[PDB]
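Undergrad: Structure below; questions to follow.
Please treat every number below as a calculation from the coordinates, not as lab data. With ideal geometry, Cβ positions are generated from the backbone for all residues, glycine too; neighbour counts draw on all protein chains shown.
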There are 2 protein chains.
Amino acid sequence: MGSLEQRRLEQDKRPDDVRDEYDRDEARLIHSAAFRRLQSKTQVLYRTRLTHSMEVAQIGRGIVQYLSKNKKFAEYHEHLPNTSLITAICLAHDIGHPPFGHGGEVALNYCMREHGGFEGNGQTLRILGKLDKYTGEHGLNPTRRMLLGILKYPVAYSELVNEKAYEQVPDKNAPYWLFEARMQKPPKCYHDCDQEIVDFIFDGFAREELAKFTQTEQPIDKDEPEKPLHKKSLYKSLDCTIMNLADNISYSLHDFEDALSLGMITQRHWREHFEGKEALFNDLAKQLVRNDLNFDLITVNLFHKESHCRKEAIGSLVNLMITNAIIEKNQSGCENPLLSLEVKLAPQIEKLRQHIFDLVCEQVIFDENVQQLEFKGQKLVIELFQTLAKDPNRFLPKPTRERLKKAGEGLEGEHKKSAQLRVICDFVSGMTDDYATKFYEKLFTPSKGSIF
Amino acid sequence: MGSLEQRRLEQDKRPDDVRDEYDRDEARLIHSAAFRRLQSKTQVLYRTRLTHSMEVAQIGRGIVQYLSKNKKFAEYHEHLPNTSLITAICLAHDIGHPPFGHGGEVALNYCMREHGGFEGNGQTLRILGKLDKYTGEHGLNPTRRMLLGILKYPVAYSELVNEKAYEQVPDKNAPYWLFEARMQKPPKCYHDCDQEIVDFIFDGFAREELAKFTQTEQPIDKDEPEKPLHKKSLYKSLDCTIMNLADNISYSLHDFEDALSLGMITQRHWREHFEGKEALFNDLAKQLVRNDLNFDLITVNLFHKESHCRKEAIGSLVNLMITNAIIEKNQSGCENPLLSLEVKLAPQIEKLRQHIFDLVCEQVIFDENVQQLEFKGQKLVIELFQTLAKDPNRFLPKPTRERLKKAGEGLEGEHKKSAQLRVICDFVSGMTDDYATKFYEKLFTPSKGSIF
Ligand SMILES: [Mg+2]
Ligand SMILES: [Mg+2]
């Protein structure tokens with residue numbers, strides 16, 4: 001089998017470069033157009049995706065550091081990623097996310113219904129492995145282990161999608177962009193047209209390991225037992241578990257901290273969301289003997305006037321989760337360490353992390369005004385994709401027109417159409433929020449737009 | 001003397017934390033309000049200060065890595081900073097820069113003429129050591145070595161300023177914000193009101209070392225020999241030399257790369273700026289035997305249609321400077337390694353780096369439209385500072401009103417005034433470009449502004 005430091009394309013380093021291949025991955029990523037676009041992309045609307053990706057990289061390094069010295073896990077030290085690989089994986093995890101976030105993701109998936117759908121994490125793999133113009137046709141040409149580390153869902157769209165969930169009540173009067181977004185969310189997956197990339201990631205493993213590692217589950221009873229739902233992938237690589245843990249800690253605490261600052265989560269919300277289960281903080285305070293973890297003391301410090309009393313509690317909770325990162329084996333039958341080993345929190349810490357994250361989804365993610373803005377990004381992307389798809393040679397830039405022509409060669413009929421719509425999907429998804437707004441305004445908004 | 005890992009305020013780590021003090025500095029910085037503000041701050045206007053600071057951190061780590069293995073410099077390996085310290089120093093170097101960049105810096109220095117002036121690098125030290133609300137009154141409370149690493153100019157404003165350079169031809173008809181900005185630029189320095197911070201940084205050194213390390217020079221003949229000019233500090237710490245080298249590589253190549261993309265630097269500009277001295281590339285190509293360094297070959301790749309041919313040359317030039325980082329001793333009489341040792345490029349590489357950077361200043365920094373926008377930031381900040389200074393209790397937020405009251409206590413007369421204007425200067429300088437624009441529009445622009 002192939003090495004983990006192997007790339008799809010041959011790009012050997014000069015003898016002047018003792019940097020390991022994982023550092024070369026970090027260097028290419030930071031100097032890449034896909035990573036620099038994280039500035040003009042916000043996840044909530046304040047906090048940009050670049051800042052979130054840096055905080056996630058910091059948390060992941062702290063996780064890897066904590067594990068690399070805890071001798072209870074000394075048996076697994078050799079399989080931990082290094083500082084450069086965990087950073088590059090953490091800094092790349094939100095690269096594929098489209099403009100306007102979930103509003104744009106639902107939009108592109110709805111437009112690509114007959115052509116493979118769209119999902120952000122799949123586009124992250126698509127950009128990293130092919131789209132980014134660091135190479136001709138191999139993206140940034142990352143190492144096998146880095147590609148595996150960003151593959152959060154190693155199962156294809158077709159193998160996971162349940163198109164019965166897309167079913168809608170007919171409405172002759174509704175425009176094409178007007179629908180319930182929750183019923184058009186894609187499965188978390190990789191795109192079928194990128195199977196070659198996934199083949200490379202998995203050529204360094206035994207095929208029985210691949211079958212066990214790509215196992216899925218059928219979730220049941222989201223509201224009713226017969227409600228149709230997509231299938232979920234079940235397992236991620238070891239490095240991916242570390243990044244996914246850091247990614248959730250930031251969403252649970254750092255987006256919570258921003259919610260306190262903006263006033264979207266009050267102490268009344270806190271004490272009502274924790275009206276029961278004050279032991280989520282208190283019982284932990286007893287076991288670890290940390291008076292700072294007392295529910296009433298940490299509540300006063302979180303909702304304190306002095307900003308140094310809040311950041312001290314946020315950082316205390318950030319440190320509490322990093323110090324409670326355990327590494328177990330997943331219920332996959334895999335014997336490879338990178339496929340069988342998982343990093344996660346202590347069960348009592350995860351209960352507290354989730355319960356803080358649930359208050360964030362309730363007051364921030366599902367705020368009426370936040371959702372109204374997501375729908376507008378849905379309308380904008382749909383209306384932009386339609387127009388770019390109706391006459392792509394009139395509107396698209398010349399290099400994008402070349403890819404669309406190139407994608408259709410050797411293909412005819414419906415396969416040619418899906419391959420060319422994929423290029424348009426990669427063009428729109430690779431837009432920044434302001435670039436997509438300007439592109440919308442040049443095409444539709446009455447008095448806006450300039451030829452330069 | 002005191003240790004380099006010592007902080008002004010006592011904030012010892014728990015036994016659960018094996019992170020070194022320099023990693024704790026990196027962790028606090030990333031989760032700090034001052035570092036997160038780098039998203040909404042651009043240096044040129046595209047590339048944000050956050051992205052520039054990440055690229056600088058990457059270059060610095062590559063420099064430290066290259067030096068930590070080159071055995072010609074093995075005698076100095078023990079004095080190199082670690083990965084966390086060089087990152088925190090690189091990620092913090094542009095924290096103090098005000099809104100609208102040099103336009104805002106000239107603005108604040110002009111307003112603070114009688115009250116100590118303003119300079120960005122000084123505010124970086126002021127934020128890191130006192131202003132940031134991570135602690136009560138000690139900022140992020142960084143280690144002594146990190147504070148030293150961001151102290152680019154270890155000489156005070158008063159000791160360097162030449163107020164004859166501020167002299168202006170009288171103009172009764174000109175508004176207060178209308179002046180030549182070049183004649184009101186401050187010296188590169190630290191603010192006199194922050195001498196206590198600088199005292200702490202230097203208590204870990206012998207006083208003779210401090211006198212030699214804080215030596216200055218009087219530059220002569222900017223245009224004419226008798227043209228008045230500020231004095232310059234002469235020496236930086238070892239870690240600061242590494243950060244300052246990375247900071248200049250990014251400005252010389254990464255801002256050059258953006259200039260190619262936006263069309264602000266043409267191949268005609270390149271071949272005319274290099275009409276002579278093609279040997280800046282070619283002679284290096286002969287010594288290192290690198291055909292890619294041929295002037296005509298690298299020109300075709302830099303100004304190529306394929307974006308992978310440009311990024312390959314930019315990264316080749318980024319790698320060429322990192323591989324030519326030498327560490328010598330400065331002409332300071334210092335015997336401490338952190339004060340006597342400097343990191344810099346090979347003389348022939350610096351000639352090429354500077355000559356590329358000169359084309360960036362000519363076509364980008366001094367573009368007429370870029371300068372027109374800088375002046376507008378100058379007008380906006382001046383008009384905002386004046387109004388905030390005329391009635392600070394009517395306009396400033398309550399916490400900022402508390403600091404201004406607190407800064408004036410124990411003082412009367414002109415010293416009280418300068419101390420309270422310093423708080424207003426810290427408030428404006430700590431604004432983001434959009435926050436300062438909204439604050440300007442609430443106060444002056446006819447139909448804009450909301451009470452929320
Ligand atoms: Mg994320
Ligand atoms: Mg800089």
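Undergrad: Would you point out the residue of the stretch A:261-295, among those that are among the acidic types (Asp, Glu) and surrounded by 13 or more Cβ atoms within 10 Å (Cβ to Cβ), that is farthest from B:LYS133 (Cα to Cα)?
TA: First, the residues of the stretch A:261-295 that are among the acidic types (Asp, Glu): A:272, A:275, A:278, A:283, A:292.
With surrounded by 13 or more Cβ atoms within 10 Å (Cβ to Cβ) added as a condition, the list becomes A:278, A:283, A:292.
Numbers: A:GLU278: 29, A:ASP283: 31, A:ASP292: 20 Å.
Among those residues, the one meeting the criterion is A:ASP283.
Undergrad: Being of a type in the set (D, E, K, R) and over 31 Å from the mean Cα position of the chain (by Cα) is the filter here; which residues of the stretch B:293-321 pass it?
TA: So in the stretch B:293-321, the residues of a type in the set (D, E, K, R) come out as B:296, B:305-306, B:310-312.
B:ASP296, B:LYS305, B:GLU306, listed by residue number.
Undergrad: Here's a follow-up. Applying the selection to the stretch A:317-337, what residues are facing chain B (nearest Cβ under 10 Å) and part of a helix (DSSP H, G or I)?
TA: Within the stretch A:317-337, A:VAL318, A:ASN319, A:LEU320, A:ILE322 qualify.
Undergrad: Also: If a residue must be surrounded by 15 or more Cβ atoms within 10 Å (Cβ to Cβ) and charged (D, E, K, R), how many such residues does the stretch A:320-374 contain?
TA: 7
Undergrad: Quick test for you: out of A:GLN58, A:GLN65, A:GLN123, pick the one residue that is assigned to a helix (DSSP H, G or I) and under 13 Å from the mean Cα position of the chain (by Cα). I'd like the intermediate steps shown before the answer.
TA: On the way: A:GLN58 fails: under 13 Å from the mean Cα position of the chain (by Cα); A:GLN65 fails: under 13 Å from the mean Cα position of the chain (by Cα).
Only one candidate passes the filter, namely A:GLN123.
Undergrad: Being assigned to a helix (DSSP H, G or I), β-branched (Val, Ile, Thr) and in contact with a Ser or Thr (Cβ under 6 Å, 6 or more places away or on another chain), is that true of even one residue in the stretch B:388-407?
TA: No, the conditions are met nowhere in the stretch B:388-407.
Undergrad: Looking at A:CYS240 and the list (1) buried (at least 18 other Cβ atoms within 10 Å of the Cβ); (2) in a loop (DSSP other than H, G, I, E, B), which single condition is not satisfied?
TA: If we test A:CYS240 against (1) buried (at least 18 other Cβ atoms within 10 Å of the Cβ); (2) in a loop (DSSP other than H, G, I, E, B), just (2) comes out false.
Undergrad: Go through (1) away from ligand 1 (no atom under 16 Å from the Cβ); (2) over 15 Å from B:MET243 (Cα atoms); (3) over 16 Å from the mean Cα position of the chain (by Cα) and name the single condition B:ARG47 misses.
TA: For B:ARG47, the failing item is (3).
Undergrad: Run A:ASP247 past the list (1) more than 16 Å from ligand 1 (Cβ to nearest atom); (2) more than 14 Å from chain B (Cβ to nearest Cβ); (3) not basic (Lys, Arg) and report the number of the one that doesn't hold.
TA: Failed condition: (1).
Undergrad: Taking B:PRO142 as the residue in question, decide whether it is in contact with a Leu (Cβ under 6 Å, 6 or more places away or on another chain) and away from chain A (no Cβ under 14 Å).
TA: On the way: in contact with a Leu (Cβ under 6 Å, 6 or more places away or on another chain): yes; away from chain A (no Cβ under 14 Å): yes.
Considered against the rule, which asks whether it is in contact with a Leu (Cβ under 6 Å, 6 or more places away or on another chain) and away from chain A (no Cβ under 14 Å), B:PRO142 comes out as yes.
Undergrad: Within the stretch A:56-65, how many residues are facing chain B (nearest Cβ under 9 Å) and crowded, with 21+ Cβ neighbours inside 10 Å? Talk me through it step by step, then tell me what you get.
TA: Pass one, the stretch A:56-65, residues facing chain B (nearest Cβ under 9 Å): A:57-58, A:61-62, A:65.
From what is left, the residues that are crowded, with 21+ Cβ neighbours inside 10 Å are A:57-58, A:61-62.
Number of matching residues: 4.
Undergrad: What single numbered condition from (1) within 14 Å of another protein chain (Cβ to nearest Cβ); (2) out of contact with any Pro (no Cβ under 9 Å at 6 or more places or on another chain); (3) not in a helix (DSSP H, G or I) fails to hold for B:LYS133?
TA: (2)
Undergrad: Then there is this: Residues in the stretch A:9-55 that are assigned to a helix (DSSP H, G or I), crowded, with 21+ Cβ neighbours inside 10 Å and touching an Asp or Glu at 6+ places or on another chain (Cβ under 8 Å): how many?
TA: Looking only at that region, the number is 7.
Undergrad: With respect to B:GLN6, determine if the residue is within 16 Å of B:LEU147 (Cβ to Cβ), away from chain A (no Cβ under 11 Å) and of a type outside the set (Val, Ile, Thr). Spell out the reasoning first.
TA: Values: within 16 Å of B:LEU147 (Cβ to Cβ): yes; away from chain A (no Cβ under 11 Å): yes; of a type outside the set (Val, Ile, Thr): yes.
Against the criterion (within 16 Å of B:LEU147 (Cβ to Cβ), away from chain A (no Cβ under 11 Å) and of a type outside the set (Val, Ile, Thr)), B:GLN6 qualifies.
Undergrad: Would you mind telling me which numbered condition in (1) closer than 16 Å to B:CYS240 by Cα; (2) surrounded by 24 or more Cβ atoms within 10 Å (Cβ to Cβ); (3) among the aliphatic types (A, V, I, L, M) B:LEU131 fails?
TA: Failing condition for B:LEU131: (1).
Undergrad: I would also like to ask the following. Those residues that are out of contact with any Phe, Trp or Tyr (no Cβ under 9 Å at 6 or more places or on another chain) and either farther than 25 Å from A:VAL370 by Cβ or within 16 Å of ligand 2 (Cβ to nearest atom) (or both), I need them from the stretch A:91-129; list them, please.
TA: The answer is A:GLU114, A:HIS115, A:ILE127, A:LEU128.
Undergrad: Using the structure shown, decide if A:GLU209 is more than 26 Å from A:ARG49 (Cα to Cα), of a type in the set (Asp, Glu), away from ligand 2 (no atom under 16 Å from the Cβ) and surrounded by 20 or more Cβ atoms within 10 Å (Cβ to Cβ).
TA: yes
Undergrad: Given the criteria assigned to a helix (DSSP H, G or I) and among the acidic types (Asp, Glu), does A:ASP171 qualify? Can you show your working first?
TA: Values: assigned to a helix (DSSP H, G or I): no; among the acidic types (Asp, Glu): yes.
It is false that A:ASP171 is assigned to a helix (DSSP H, G or I) and among the acidic types (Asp, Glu).
Undergrad: Between B:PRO219, B:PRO228, B:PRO187, which is crowded, with 22+ Cβ neighbours inside 10 Å and away from ligand 2 (no atom under 16 Å from the Cβ)?
TA: That would be B:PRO187, the only listed residue that is crowded, with 22+ Cβ neighbours inside 10 Å and away from ligand 2 (no atom under 16 Å from the Cβ).
Undergrad: Out of the stretch A:150-177, which residues are among the hydrophobic types (A, V, I, L, M, F, W, C) and touching a helix residue (DSSP H, G or I) at 6+ places or on another chain (Cβ under 9 Å)? Spell out how you get there, then give the answer.
TA: Going residue by residue through the stretch A:150-177, those that are among the hydrophobic types (A, V, I, L, M, F, W, C) are A:150-151, A:155-156, A:160-161, A:165, A:169, A:174, A:177.
If the condition is that a residue be among the hydrophobic types (A, V, I, L, M, F, W, C) and touching a helix residue (DSSP H, G or I) at 6+ places or on another chain (Cβ under 9 Å), then A:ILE150, A:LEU151, A:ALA156, A:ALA165, A:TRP177 are the ones that fit.
Undergrad: May I pose another question? Quick one: which of A:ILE63, A:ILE59 is farther than 18 Å from A:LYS188 by Cβ and either within 12 Å of ligand 1 (Cβ to nearest atom) or of a type in the set (S, T, N, Q) (or both)?
TA: Numbers: A:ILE63 fails: either within 12 Å of ligand 1 (Cβ to nearest atom) or of a type in the set (S, T, N, Q) (or both).
Criteria check complete, one pass: A:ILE59.
Undergrad: Applying the selection to the stretch A:269-311, what residues are within 14 Å of another protein chain (Cβ to nearest Cβ) and either outside any helix (DSSP H, G or I) or under 22 Å from A:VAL364 (Cβ atoms) (or both)?
TA: Residues satisfying the conditions are A:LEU288, A:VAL289, A:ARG290, A:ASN301, A:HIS304, A:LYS305, A:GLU306, A:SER307, A:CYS309, A:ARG310, A:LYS311.
Undergrad: Now, a different point. Please find, among A:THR42, A:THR51, the residue that is over 27 Å from B:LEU67 (Cα atoms), more than 9 Å from chain B (Cβ to nearest Cβ) and not charged (D, E, K, R). Spell out the reasoning first.
TA: Details: A:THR51 fails: more than 9 Å from chain B (Cβ to nearest Cβ).
When all the criteria are applied, what remains is A:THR42.
Undergrad: Let me ask something else about it. Take the residues in the stretch B:78-94 that are over 15 Å from B:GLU21 (Cα atoms) and within 14 Å of another protein chain (Cβ to nearest Cβ); name whichever of them is nearest to ligand 1 (Cβ to nearest atom). Quick ask: steps written out before the conclusion?
TA: At the first step, the residues of the stretch B:78-94 found to be over 15 Å from B:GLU21 (Cα atoms) are B:78-80, B:90-94.
Checking which are within 14 Å of another protein chain (Cβ to nearest Cβ) leaves us with B:90-92.
Working: B:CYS90: 24, B:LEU91: 20, B:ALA92: 24 Å.
Ranking the qualifying residues of the stretch B:78-94, first place goes to B:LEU91.
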